[PDB]
Amino acid sequence: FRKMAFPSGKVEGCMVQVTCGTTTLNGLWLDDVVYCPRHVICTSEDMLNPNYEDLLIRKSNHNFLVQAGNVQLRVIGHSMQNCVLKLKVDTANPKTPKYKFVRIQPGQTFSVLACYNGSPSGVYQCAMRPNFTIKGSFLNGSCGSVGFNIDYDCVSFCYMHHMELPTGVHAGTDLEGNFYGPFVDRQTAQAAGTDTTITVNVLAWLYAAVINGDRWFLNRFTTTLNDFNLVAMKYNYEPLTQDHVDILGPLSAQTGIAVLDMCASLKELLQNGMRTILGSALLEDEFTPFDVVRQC
Amino acid sequence: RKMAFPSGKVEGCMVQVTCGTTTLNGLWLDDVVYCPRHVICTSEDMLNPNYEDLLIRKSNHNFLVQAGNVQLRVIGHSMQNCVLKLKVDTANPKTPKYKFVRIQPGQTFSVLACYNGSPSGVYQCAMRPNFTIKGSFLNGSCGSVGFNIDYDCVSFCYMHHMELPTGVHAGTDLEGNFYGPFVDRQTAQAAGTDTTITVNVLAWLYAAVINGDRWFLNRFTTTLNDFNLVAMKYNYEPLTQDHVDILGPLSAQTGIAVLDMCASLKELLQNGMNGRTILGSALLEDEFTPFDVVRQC
Ligand SMILES: Cc1cncc(-n2c(=O)nc(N3Cc4ccccc4C3)n(Cc3cc(F)c(F)c(F)c3)c2=O)c1
Ligand SMILES: Cc1cncc(-n2c(=O)nc(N3Cc4ccccc4C3)n(Cc3cc(F)c(F)c(F)c3)c2=O)c1
């Protein structure tokens with residue numbers, strides 16, 4: 001049962017390169033605006049303690065170079081919204097998909113188009129971890145790469161990539177430049193807090209295992225939310241809420257395994273351990289309930 | 001992380017093909033649509049299809065090709081092995097630079113899973129040694145294609161034909177020749193024993209080292225023959241001298257000789273992981289090639 005990203009085509013045609021002095025990274029071109037990390041206005045020197053207000057006031061249109069493929073776009077306007085730089089350009093993107101900017105919640109999944117020098121290099125499927133980091137595969141030069149979900153023909157942009165934290169995980173904002181998690185866009189000592197496991201996604205993935213005929217961990221027992229939560233907290237698993245239960249309801253119906261029955265399965269796996277489920281030795285938590293229905 | 005190639009160049013080629021009551025996906029390149037030839041069958045015909053007999057009874061107007069909203073007009077058709085080629089009157093304007101390649105077991109590629117000619121998702125997989133792929137495919141996915149994109153050229157290597165009893169997948173190159181000994185007929189055919197792709201596992205261990213993971217290394221070396229005698233008792237594929245040569249550059253970059261990495265693998269197979277992890281995995285990963293690792297590292 002595979003991690004599956006959305007087809008990236010609608011986003012590929014919006015990626016550009018943005019250079020400011022000696023700093024280059026990626027930008028998103030929608031209509032006549034290009035969106036990118038505001039830190040592109042900084043030298044490495046500046047990043048120690050940047051004053052973005054001042055750094056921007058001292059800049060103007062001619063300090064920015066935007067390349068769409070080989071064609072240079074001329075910048076005719078610059079502004080900052082939170083941690084995102086918005087450059088107005090002379091040409092509107094004729095490949096602009098229908099889109100919107102949404103902010104996602106921890107535990108939600110999305111696709112990422114890793115790019116280098118404005119060139120798309122690959123796509124993969126992630127989740128917003130409970131500690132507001134993402135376990136992505138960004139290399140140097142990936143800053144400004146976006147994350148998205150597609151619904152019919154409408155792209156929902158939810159992530160812009162800003163940085164790697166010391167532990168190898170990533171940190172970013174929404175497209176309005178609001179960070180996910182307690183991070184700042186300056187070269188200072190920052191760390192992700194203790195991560196937890198996304199309980200409702202694990203349960204979703206057990207449903208997928210049963211659907212695929214992997215049934216060994218089912219048992220005759222059931223649980224309570226409180227007894228389960230006591231176990232959940234013991235193992236660094238997110239609290240399971242009624243909202244969660246309700247959301248799994250469609251998979252509860254389609255397999256005959258109610259959530260507190262499935263919770264009793266998960267309870268036992270936490271304690272005793274496992275052998276394999278869907279070809280995995282670890283309990284997987286980056287598929288949502290919605291994701292399991294889409295793919296199953 | 002297993003990354004797929006950006007799918008947009010292929011998305012622009014996907015269409016819906018219908019013949020009578022049967023509908024699957026096709027691939028619109030220039031003025032041709034490629035698709036599985038069993039589009040011309042009913043479920044009844046699938047036990048013992050005579051494709052030559054079924055095809056000669058068809059005319060151009062029997063094939064409904066649909067490109068999003070637009071009906072393409074079929075003006076010719078021929079069969080090449082297990083692929084049907086439908087000549088249409090419009091060249092696909094979104095045709096990318098492309099070629100058709102046939103791949104070998106161990107090679108990776110991206111799949112664009114499509115339904116009714118509509119792309120729904122993209123994933124990365126590999127040709128298993130038993131010539132199946134472990135894909136993610138529902139009913140209606142036939143005609144979905146696998147590809148690599150090496151510098152702006154799309155190399156098509158797979159077209160999806162069928163699911164086998166174990167839930168693995170069988171299909172052709174874009175000249176319509178099947179990977180492995182499978183046939184496009186409902187028969188008792190089954191995937192042989194799946195083995196692990198040793199040379200890929202080694203590649204991924206070299207990746208772990210380059211990302212600063214060394215805990216699984218040991219002080220030992222091995223001969224090639226002793227390595228293979230041992231690995232095959234865990235259903236690992238044999239490592240050939242070619243594999244060893246192929247790993248040469250990763251050997252040089254890290255400073256760890258191939259046979260030392262081999263010794264390390266033997267130890268991992270004996271010990272398991274003792275509750276720890278390698279590039280985030282509690283299993284040994286075999287779906288990254290030497291090329292994929294060099295490319296992304
Ligand atoms: C392996 C990896 C994975 N994801 C992201 C990065 N990453 C990167 O590619 N480039 C950065 N740069 C360039 C530059 C040019 C001029 C001035 C400053 C910088 C920093 N950074 C570091 C970075 C990003 C921030 F947003 C930030 F606030 C900070 F302090 C450092 C990468 O992390 C690296
Ligand atoms: C879960 C899954 C994953 N990948 C592929 C399939 N798959 C499918 O979607 N449809 C098939 N059909 C419809 C039809 C309409 C008219 C005539 C015949 C068929 C069979 N088949 C079965 C199949 C495909 C072959 F190529 C083949 F040679 C065979 F005998 C059976 C699917 O496997 C299923």
# chains A, B, ... in the order shown; residues from 1 in each chain; ligands from 1
>>> interface_residues(of="chain A", to="chain B", cutoff="6 Å", atoms="only C-alpha atoms", output="short mmCIF file (atom, residue, chain, number, x, y, z; two decimals) with N, CA and C atoms, in the first residue's frame")
data_model
loop_
_atom_site.label_atom_id
_atom_site.label_comp_id
_atom_site.auth_asym_id
_atom_site.auth_seq_id
_atom_site.Cartn_x
_atom_site.Cartn_y
_atom_site.Cartn_z
N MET A 4 1.24 7.89 -2.04
CA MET A 4 0.80 8.39 -3.33
C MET A 4 0.69 9.90 -3.22
N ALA A 5 1.39 10.61 -4.11
CA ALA A 5 1.26 12.05 -4.25
C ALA A 5 0.23 12.39 -5.31
N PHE A 6 -0.27 13.64 -5.28
CA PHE A 6 -1.11 14.14 -6.34
C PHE A 6 -0.24 14.37 -7.57
N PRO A 7 -0.83 14.29 -8.79
CA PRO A 7 -0.12 14.65 -10.01
C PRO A 7 0.33 16.11 -9.91
N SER A 8 1.59 16.38 -10.19
CA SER A 8 2.19 17.67 -9.84
C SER A 8 2.10 18.70 -10.96
N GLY A 9 1.46 18.30 -12.08
CA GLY A 9 1.55 19.04 -13.33
C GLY A 9 1.12 20.49 -13.16
N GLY A 122 11.34 16.40 -8.08
CA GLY A 122 10.49 15.28 -7.73
C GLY A 122 9.31 15.64 -6.82
N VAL A 123 8.44 14.65 -6.64
CA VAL A 123 7.21 14.82 -5.88
C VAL A 123 7.12 13.70 -4.85
N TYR A 124 6.64 14.04 -3.65
CA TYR A 124 6.37 13.01 -2.67
C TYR A 124 5.32 13.48 -1.69
N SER A 137 12.10 15.28 1.87
CA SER A 137 13.43 15.08 1.31
C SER A 137 13.78 16.30 0.48
#
>>> closest_atom_pairs(of="chain A", to="ligand 1", cutoff="10 Å", atoms="only C-alpha atoms and all ligand atoms", output="CSV")
residue,atom,partner,partner_atom_place_in_ligand_line,distance
A:19,CA,ligand 1,15 (C),9.8
A:20,CA,ligand 1,16 (C),8.8
A:21,CA,ligand 1,16 (C),9.0
A:22,CA,ligand 1,16 (C),7.2
A:23,CA,ligand 1,15 (C),4.8
A:24,CA,ligand 1,15 (C),6.9
A:25,CA,ligand 1,13 (C),7.8
A:37,CA,ligand 1,26 (F),7.3
A:38,CA,ligand 1,26 (F),8.3
A:39,CA,ligand 1,26 (F),6.1
A:40,CA,ligand 1,16 (C),6.2
A:41,CA,ligand 1,17 (C),7.7
A:42,CA,ligand 1,17 (C),4.9
A:43,CA,ligand 1,17 (C),4.1
A:44,CA,ligand 1,17 (C),3.7
A:45,CA,ligand 1,17 (C),7.1
A:46,CA,ligand 1,17 (C),7.0
A:47,CA,ligand 1,30 (F),5.6
A:48,CA,ligand 1,30 (F),7.1
A:49,CA,ligand 1,30 (F),8.9
A:50,CA,ligand 1,28 (F),9.1
A:83,CA,ligand 1,26 (F),9.2
A:114,CA,ligand 1,4 (N),9.7
A:116,CA,ligand 1,9 (O),9.1
A:136,CA,ligand 1,3 (C),8.3
A:137,CA,ligand 1,3 (C),7.1
A:138,CA,ligand 1,3 (C),4.2
A:139,CA,ligand 1,1 (C),3.8
A:140,CA,ligand 1,9 (O),3.1
A:141,CA,ligand 1,9 (O),4.0
A:142,CA,ligand 1,9 (O),5.2
A:143,CA,ligand 1,9 (O),5.4
A:144,CA,ligand 1,5 (C),9.1
A:145,CA,ligand 1,4 (N),9.5
A:161,CA,ligand 1,5 (C),7.3
A:162,CA,ligand 1,26 (F),4.3
A:163,CA,ligand 1,33 (O),3.5
A:164,CA,ligand 1,33 (O),4.0
A:165,CA,ligand 1,33 (O),6.9
A:166,CA,ligand 1,33 (O),9.0
A:168,CA,ligand 1,1 (C),7.4
A:169,CA,ligand 1,3 (C),7.9
A:170,CA,ligand 1,4 (N),6.2
A:171,CA,ligand 1,26 (F),8.1
A:172,CA,ligand 1,26 (F),8.0
A:183,CA,ligand 1,28 (F),8.5
A:184,CA,ligand 1,28 (F),6.2
A:185,CA,ligand 1,28 (F),3.1
A:186,CA,ligand 1,28 (F),3.7
A:187,CA,ligand 1,30 (F),3.0
A:188,CA,ligand 1,30 (F),6.3
A:189,CA,ligand 1,30 (F),8.9
A:190,CA,ligand 1,30 (F),9.2
>>> closest_atom_pairs(of="chain A", to="ligand 2", cutoff="12 Å", atoms="only C-alpha atoms and all ligand atoms", output="Markdown table")
| residue | atom | partner | partner_atom_place_in_ligand_line | distance |
| --- | --- | --- | --- | --- |
| A:212 | CA | ligand 2 | 1 (C) | 10.8 |
| A:295 | CA | ligand 2 | 1 (C) | 11.1 |
| A:296 | CA | ligand 2 | 1 (C) | 10.0 |
>>> select_by_dssp(residues="segment 135-279 of chain A", states="strand (DSSP E)", output="VMD selection string")
chain A and resid 146 to 151 154 to 164 170 to 173
>>> residues_around(residues="segment 48-58 of chain B", least_positions_apart="5", cutoff="8 Å", atoms="only C-alpha atoms", output="list in words")
residues 37, 38, 40, 41, 185 and 186 of chain B
>>> residues_around(residues="residue 287 of chain A", least_positions_apart="2", cutoff="6 Å", atoms="only C-alpha atoms", output="short mmCIF file (atom, residue, chain, number, x, y, z; two decimals) with N, CA, C and O atoms, in the first residue's frame")
data_model
loop_
_atom_site.label_atom_id
_atom_site.label_comp_id
_atom_site.auth_asym_id
_atom_site.auth_seq_id
_atom_site.Cartn_x
_atom_site.Cartn_y
_atom_site.Cartn_z
N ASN A 201 -4.41 8.39 12.06
CA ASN A 201 -3.80 7.91 10.82
C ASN A 201 -3.36 6.45 10.97
O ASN A 201 -3.52 5.65 10.07
N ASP A 285 1.88 6.25 10.15
CA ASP A 285 0.96 7.29 10.57
C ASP A 285 0.90 8.47 9.59
O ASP A 285 0.44 9.54 9.96
N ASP A 291 -7.36 9.64 2.94
CA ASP A 291 -6.40 9.04 2.03
C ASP A 291 -6.70 7.55 1.83
O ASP A 291 -6.48 7.00 0.76
#
>>> residues_around(residues="residue 236 of chain B", least_positions_apart="2", cutoff="8 Å", atoms="only C-alpha atoms", output="list in words")
residues 195, 196, 197, 198, 231, 232, 233, 234 and 238 of chain B
>>> write_last_selection(atoms="N, CA and C atoms", output="compact mmCIF listing (two decimals), in the first residue's frame")
# COMPACT_ATOMS: atom_id res chain seq x y z
N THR B 195 12.36 -12.08 -4.47
CA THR B 195 13.63 -11.95 -3.80
C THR B 195 13.90 -10.47 -3.56
N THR B 196 14.86 -10.19 -2.66
CA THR B 196 15.31 -8.83 -2.40
C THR B 196 16.39 -8.42 -3.41
N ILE B 197 16.35 -7.14 -3.81
CA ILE B 197 17.27 -6.62 -4.81
C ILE B 197 18.55 -6.14 -4.11
N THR B 198 19.49 -7.07 -4.02
CA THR B 198 20.67 -6.93 -3.18
C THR B 198 21.42 -5.64 -3.50
N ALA B 231 23.69 -14.68 1.51
CA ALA B 231 22.54 -13.82 1.23
C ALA B 231 21.37 -14.61 0.63
N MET B 232 21.67 -15.65 -0.15
CA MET B 232 20.62 -16.40 -0.83
C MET B 232 19.81 -17.22 0.17
N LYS B 233 20.29 -17.41 1.41
CA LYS B 233 19.46 -18.15 2.36
C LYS B 233 18.43 -17.22 2.99
N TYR B 234 18.54 -15.91 2.72
CA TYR B 234 17.49 -14.96 3.06
C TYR B 234 16.68 -14.51 1.84
N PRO B 238 21.42 -12.92 -6.10
CA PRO B 238 22.88 -12.90 -6.25
C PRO B 238 23.41 -11.53 -6.63
>>> residues_around(residues="segment 93-103 of chain B", least_positions_apart="2", cutoff="12 Å", atoms="only C-alpha atoms", output="number ranges by chain")
A: 9; B: 7-14, 27-34, 67, 90-91, 105-109, 126-129, 131, 145-159, 171-180
>>> write_last_selection(atoms="C-alpha atoms", output="mmCIF file, in the first residue's frame")
data_model
loop_
_atom_site.group_PDB
_atom_site.id
_atom_site.type_symbol
_atom_site.label_atom_id
_atom_site.label_comp_id
_atom_site.auth_asym_id
_atom_site.auth_seq_id
_atom_site.Cartn_x
_atom_site.Cartn_y
_atom_site.Cartn_z
ATOM 1 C CA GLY A 9 1.552 19.037 -13.334
ATOM 2 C CA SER B 7 4.180 13.812 -13.509
ATOM 3 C CA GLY B 8 3.037 16.808 -15.578
ATOM 4 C CA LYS B 9 4.733 15.705 -18.828
ATOM 5 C CA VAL B 10 2.846 12.421 -18.688
ATOM 6 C CA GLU B 11 -0.429 13.898 -17.373
ATOM 7 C CA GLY B 12 -0.700 15.758 -20.685
ATOM 8 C CA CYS B 13 -0.674 12.418 -22.579
ATOM 9 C CA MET B 14 -3.382 10.454 -20.744
ATOM 10 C CA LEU B 27 -1.273 7.151 -23.890
ATOM 11 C CA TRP B 28 -1.498 9.894 -26.487
ATOM 12 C CA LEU B 29 1.884 10.555 -28.082
ATOM 13 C CA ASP B 30 2.035 12.520 -31.338
ATOM 14 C CA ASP B 31 -0.722 11.064 -33.519
ATOM 15 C CA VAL B 32 -0.933 7.637 -31.764
ATOM 16 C CA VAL B 33 -2.809 6.305 -28.707
ATOM 17 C CA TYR B 34 -1.214 3.234 -27.091
ATOM 18 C CA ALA B 67 -9.026 13.597 -24.390
ATOM 19 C CA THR B 90 -4.715 15.125 -34.197
ATOM 20 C CA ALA B 91 -1.120 15.209 -32.954
ATOM 21 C CA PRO B 105 14.621 -6.269 -12.762
ATOM 22 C CA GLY B 106 15.857 -3.886 -10.057
ATOM 23 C CA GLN B 107 15.152 -0.742 -12.053
ATOM 24 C CA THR B 108 12.862 1.902 -10.529
ATOM 25 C CA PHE B 109 10.334 4.191 -12.160
ATOM 26 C CA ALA B 126 10.531 -1.027 -9.051
ATOM 27 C CA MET B 127 10.663 -4.032 -11.329
ATOM 28 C CA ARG B 128 10.901 -6.957 -8.946
ATOM 29 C CA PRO B 129 13.210 -9.921 -9.815
ATOM 30 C CA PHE B 131 9.113 -9.440 -13.160
ATOM 31 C CA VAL B 145 2.116 3.978 -17.468
ATOM 32 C CA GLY B 146 5.466 3.928 -15.708
ATOM 33 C CA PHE B 147 8.294 6.280 -16.662
ATOM 34 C CA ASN B 148 11.537 7.993 -15.738
ATOM 35 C CA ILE B 149 12.399 11.564 -16.647
ATOM 36 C CA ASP B 150 16.144 11.968 -17.104
ATOM 37 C CA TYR B 151 16.793 15.617 -18.084
ATOM 38 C CA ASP B 152 13.501 16.587 -19.795
ATOM 39 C CA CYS B 153 13.227 13.301 -21.788
ATOM 40 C CA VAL B 154 10.390 10.990 -20.695
ATOM 41 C CA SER B 155 11.424 7.341 -21.019
ATOM 42 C CA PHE B 156 8.315 5.137 -20.956
ATOM 43 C CA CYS B 157 9.101 1.657 -19.585
ATOM 44 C CA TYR B 158 5.789 0.176 -18.419
ATOM 45 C CA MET B 159 2.137 -0.130 -19.322
ATOM 46 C CA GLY B 171 2.399 -5.414 -17.658
ATOM 47 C CA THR B 172 4.328 -4.672 -20.835
ATOM 48 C CA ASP B 173 6.882 -2.327 -22.300
ATOM 49 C CA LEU B 174 5.486 0.228 -24.743
ATOM 50 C CA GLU B 175 6.199 -2.167 -27.611
ATOM 51 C CA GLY B 176 3.623 -4.476 -25.947
ATOM 52 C CA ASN B 177 6.046 -7.228 -24.764
ATOM 53 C CA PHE B 178 5.324 -8.456 -21.238
ATOM 54 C CA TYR B 179 7.821 -8.308 -18.407
ATOM 55 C CA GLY B 180 8.292 -11.886 -17.259
#
>>> residues_around(residues="residue 273 of chain B", least_positions_apart="3", cutoff="12 Å", atoms="only C-alpha atoms", output="PyMOL selection string")
(chain A and resi 281) or (chain B and resi 215-216+264-265+267-270+276-278+280-284)
>>> closest_residue(among="B:241, B:200, B:251, B:225", to="residue 287 of chain B", atoms="only C-alpha atoms")
B:200
>>> select_by_dssp(residues="segment 56-157 of chain A", states="helix (DSSP H, G or I)", output="tab-separated table (two decimals) with N, CA, C and O atoms, in the first residue's frame")
chain	number	residue	atom	x	y	z
A	56	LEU	N	14.29	45.14	3.63
A	56	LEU	CA	13.38	45.26	2.50
A	56	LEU	C	13.22	46.72	2.03
A	56	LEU	O	13.08	46.97	0.83
A	57	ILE	N	13.17	47.65	2.99
A	57	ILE	CA	13.01	49.07	2.69
A	57	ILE	C	14.20	49.54	1.85
A	57	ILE	O	14.04	50.32	0.91
A	61	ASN	N	12.79	47.13	-6.79
A	61	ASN	CA	12.43	46.17	-7.81
A	61	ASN	C	13.67	45.60	-8.51
A	61	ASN	O	13.77	44.39	-8.73
A	62	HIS	N	14.65	46.48	-8.80
A	62	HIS	CA	15.81	46.12	-9.60
A	62	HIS	C	16.78	45.23	-8.84
A	62	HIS	O	17.71	44.70	-9.43
A	63	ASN	N	16.54	44.99	-7.55
A	63	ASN	CA	17.38	44.05	-6.82
A	63	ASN	C	16.96	42.59	-7.04
A	63	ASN	O	17.63	41.70	-6.52
>>> atom_distance(atom1="atom CA of residue 273 of chain A", atom2="atom CA of residue 232 of chain A")
14.2 Å
